[PDB]
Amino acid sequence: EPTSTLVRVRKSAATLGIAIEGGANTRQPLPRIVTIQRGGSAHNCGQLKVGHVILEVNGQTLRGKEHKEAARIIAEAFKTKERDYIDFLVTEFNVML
């Protein structure tokens, strides 16, 4: 029941470039975007915002993933040769799936 948006980030630059806070076992239990690297893929996408909470990466829930593991999954999603994009399911609010 959260209000969510599926944002596709194409790999238009050599970096993804998002700073994320939080993760499991913290008071921000899913990663929240706190800033965006100018000139990176997330910036070029335009649809990712500071304050966006990442519910899923390519359909995979981040619930229960501690910060370092969530960061690892997102890094792998950006590096993969499977596809030239990442789909982030995001929400502006504090309701989780």
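Take the two forms, superpose them, and find the largest set of C-alpha atoms that agree within 1.5 Å; that set is the rigid core. When you see a residue number, it is the position in the sequence shown, counting from 1.
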query: Greatest C-alpha divergence in 4 other deposited structures of this protein once each structure is fitted on the rigid core, 21 to 29 or 7 to 15; finding: 21 to 29
query: Deposited CA B-factor, highest of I86, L16, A24, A19; finding: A19
query: Relative C-alpha B-factor of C45, binned into the chain's lowest, middle or highest third; finding: lowest
query: Lowest, middle or highest third - CA B-factor, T61; finding: middle
query: Lowest, middle or highest third - CA B-factor, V90; finding: lowest
query: Assigned third (lowest, middle, highest) for the C-alpha B factor of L6; finding: middle
